[PDB]
Amino acid sequence: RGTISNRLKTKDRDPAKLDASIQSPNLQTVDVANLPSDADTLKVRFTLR
Amino acid sequence: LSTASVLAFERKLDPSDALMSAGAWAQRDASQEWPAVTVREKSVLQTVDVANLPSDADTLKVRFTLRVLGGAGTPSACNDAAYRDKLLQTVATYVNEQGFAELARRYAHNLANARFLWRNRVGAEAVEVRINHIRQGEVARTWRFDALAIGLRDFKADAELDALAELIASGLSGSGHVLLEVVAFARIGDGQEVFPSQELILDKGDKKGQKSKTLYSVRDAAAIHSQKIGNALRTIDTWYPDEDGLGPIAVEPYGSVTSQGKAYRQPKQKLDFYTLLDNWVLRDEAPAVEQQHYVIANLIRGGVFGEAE
Amino acid sequence: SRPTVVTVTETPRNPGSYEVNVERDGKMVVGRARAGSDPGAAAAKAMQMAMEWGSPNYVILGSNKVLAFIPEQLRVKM
Amino acid sequence: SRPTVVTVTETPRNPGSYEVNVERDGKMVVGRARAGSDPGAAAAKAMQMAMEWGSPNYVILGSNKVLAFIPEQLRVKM
Amino acid sequence: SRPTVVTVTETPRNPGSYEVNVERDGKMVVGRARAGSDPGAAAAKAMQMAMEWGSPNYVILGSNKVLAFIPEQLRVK
Amino acid sequence: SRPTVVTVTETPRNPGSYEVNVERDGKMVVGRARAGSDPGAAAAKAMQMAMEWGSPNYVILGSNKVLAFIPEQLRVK
RNA sequence: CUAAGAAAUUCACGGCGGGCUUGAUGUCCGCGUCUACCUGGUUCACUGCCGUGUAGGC
């Protein structure tokens, strides 16, 4: 749950507003990858030919 | 000449998910095997998730890690080299005027008083914060702060606070590699209610019988989101158009407390991030000494700042 | 388009992993949520997204390996 | 030429597999994307492409083994 | 002939099966390709061959069982 | 939807923990209740939620790592 | 106020028978999806003075 912090490229009083207002929050879904709480090293493996 | 169509900034001050544990006081110097608290279900005809300390534990311990990465002005993506070169010259001018010392002092102040304990700081009796500098897997420097003597409103002075601000300033400049471990002990009470981070789920249905409130957990251990820790230690902004008495709020473009419903720094007035940044990089107008702190704090936070054109 | 439509599609960028999409009434309420890594988890996620988000009607669509775990033409429509 | 057109067609070079095409506002948004190896995966991919692309209206075209999984004309047109 | 012409005919040697031809500026680019074995797949193949190769405009011809799957505003462009 | 449905889904916000939903006769009786941090506790809770909340005609859905701890005759009543 | 004024085409029927479309084939090469984030306002319950009803404790 974050705030709307981007350039309001529409009008100040837009009839058909292509975005939302600043006093309301916006809810989003994202992917994230973390390390476990006891592991501090990351290993990356590949092969070459 | 023109603001870039794409412009993205990476995140400095990158925290991790804060893990919660419980124990007894006068045992904080050996607290490394304390049992993690767990969320439970409770019926009220609705089911809620609650958390509670054990009946033998009266002290909560919250632990997380922190990094500072340096190179604040360099963007991660761009579209024209001219705007990037002007931006680098502007931020270089700022850091040549004054290094990252005010922002680092406010960050060390927000670490000193345990403001990342959001609602479990209010009914506290005594809070103690410990901060470790991890250099090669060991401890290089330890700081121990009292959080109830260091208030929330005003920014006082202390020798160890200046030392921690020097460490964060050296990390933010680009001359060192700083990894911090932050542990906070709060004396809530014998078996009282702790407040983990509440959950947002965008797939939960509408029909009755569903859970009304679920809490956050990491492998059956009650935890706090990392973004709540970031918003907790980002509240350094106090130079806005409202009068003195409400207190400092967090650094956001069009700085807005959405929980109350108000939005300070409206774009009708010329006191938001975007217009002050545009005047700084395009029309060669520095707004004040105070607004430079706000713009550079908003660049340390990061974001997606792109005008269409 | 009155009933809530639930679809389960397999991603071709790596095979054997599925995604679920829900549409209640003219608007998309769930878009590409991770179903699972086998047909059983995809069938379970489809029935979970049809249990909630549902009016007295719904419809489930999927491949012929995922729709074998759902009971035959009984719990697929309403 | 106002709604989004979704077409599902069987590949004749090997029988049993399907491919989907999506056009919106005279511009081909999706061209010959893999739907699957059975009619159910084709129907799920077609309904997903009608949900995501083509917000106001859509038409779904396809074979008769594929359109047997979609409810009859209730959700095919909008 | 300026626009593209897509014609769906039925094979009289095997009733029920269809075939599709595309015109594309006075020289045929598709000849007697295998459409479906029912009017729905013939309509889908005709709309696919109209989406490609029909960049300015097109005209779709065919039977009444085939063109009952396409609305009347999508056959000519 | 006459048979009672019991589904076990893994929560994608932390991998390795499960949650069970139970619906009986049109309306749901259990929504997103916690199971264990391993497929054994999840399968055991699915069996326990199958005993209660439907005596005839339960359906148990879940992953192949969850439906491998119960016998093949105990998945569909 | 008309090249005006009028009008019953009505019945029947055997198009039949035969057939080898044949072979042959190299689609083929390259790639950076990036960036930021407070679910929160919200657990009117347990058990008792008491025959109801309406006082009280935490």
inquiry  = Which numbered condition in (1) more than 25 Å from F:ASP25 (Cα to Cα); (2) surrounded by 20 or more Cβ atoms within 10 Å (Cβ to Cβ) is the only one that C:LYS45 fails?
reply    = (1)
inquiry  = Can you go through D:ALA44, D:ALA33 and tell me which one is of a type in the set (A, V, I, L, M) and farther than 22 Å from E:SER55 by Cα?
reply    = D:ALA44
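Listed here are the residues, each with its yes/no results for (1) under 30 Å from B:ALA308 (Cβ atoms); (2) touching a strand residue (DSSP E or B) at 6+ places or on another chain (Cβ under 9 Å); (3) of a type in the set (D, E, K, R).
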residue: B:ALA4; (1), (2), (3): yes, yes, no
residue: B:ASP17; (1), (2), (3): no, yes, yes
residue: B:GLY23; (1), (2), (3): no, yes, no
residue: B:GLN32; (1), (2), (3): no, no, no
residue: B:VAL39; (1), (2), (3): no, yes, no
residue: B:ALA57; (1), (2), (3): no, yes, no
residue: B:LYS61; (1), (2), (3): no, yes, yes
residue: B:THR65; (1), (2), (3): no, yes, no
residue: B:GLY71; (1), (2), (3): yes, no, no
ask   = Quick one: would you say A:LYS9 is more than 8 Å from chain B (Cβ to nearest Cβ), within 22 Å of the chain's Cα centre (by Cα) and not hydroxyl-bearing (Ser, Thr, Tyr)?
value = no
task = Just give me the residues in region B:230-246 being in a loop (DSSP other than H, G, I, E, B) and away from RNA strand G (no atom under 11 Å from the Cβ), in sequence order.
result = B:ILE236, B:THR238, B:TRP239, B:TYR240, B:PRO241, B:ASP242, B:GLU243, B:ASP244, B:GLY245, B:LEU246
message = Looking only at region B:250-280, filter to residues that are outside any loop (DSSP other than H, G, I, E, B) and surrounded by 17 or more Cβ atoms within 10 Å (Cβ to Cβ); which one of those is nearest to RNA strand G (Cβ to nearest atom)?
response = B:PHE273
request  = Only residues that are surrounded by 15 or more Cβ atoms within 10 Å (Cβ to Cβ) and aliphatic (A, V, I, L, M): list them for region B:281-309, please.
outcome  = B:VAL281, B:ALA286, B:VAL295, B:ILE296, B:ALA297, B:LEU299, B:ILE300
ask   = Considering only strands (runs of 3 or more DSSP E) fully contained in region B:121-219, which possess at least 3 residues that are touching a helix residue (DSSP H, G or I) at 6+ places or on another chain (Cβ under 7 Å)?
value = B:127-134
query = Quick one: in region B:76-96, which of the residues that are over 16 Å from B:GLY174 (Cβ atoms) and surrounded by 17 or more Cβ atoms within 10 Å (Cβ to Cβ) is nearest to RNA strand G (Cβ to nearest atom)?
reply = B:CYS78
Within region C:8-78, strands (runs of 3 or more DSSP E) holding 1 or more residues that are closer than 20 Å to F:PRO39 by Cβ and within 12 Å of chain B (Cβ to nearest Cβ) = C:28-36
note = Considering residues that are at the interface with another protein chain (Cβ under 7 Å from one of its Cβ atoms) and closer than 13 Å to E:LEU67 by Cβ, the number found within region E:46-56 is 1
inquiry  = The conditions are (1) within 12 Å of RNA strand G (Cβ to nearest atom); (2) out of contact with any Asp or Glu (no Cβ under 7 Å at 6 or more places or on another chain); (3) part of a loop (DSSP other than H, G, I, E, B), and B:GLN227 fails exactly one of them. Which is it?
reply    = (3)
remark   = The strands (runs of 3 or more DSSP E) lying wholly within region E:10-65 that contain at least 1 residues that are closer than 25 Å to D:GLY16 by Cα are E:18-22, E:30-34
query = Looking at A:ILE4, A:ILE22, which is the one that is surrounded by 10 or more Cβ atoms within 10 Å (Cβ to Cβ), of a type in the set (A, V, I, L, M, F, W, C), out of contact with any strand residue (DSSP E or B) (no Cβ under 7 Å at 6 or more places or on another chain) and on the phi < 0 side of the Ramachandran plot?
reply = A:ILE22
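Values in this text are rule-based calculations from the coordinates and carry no lab data. Note that each Cβ is placed from the backbone with ideal geometry, even for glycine, and that neighbours are counted across all protein chains shown.
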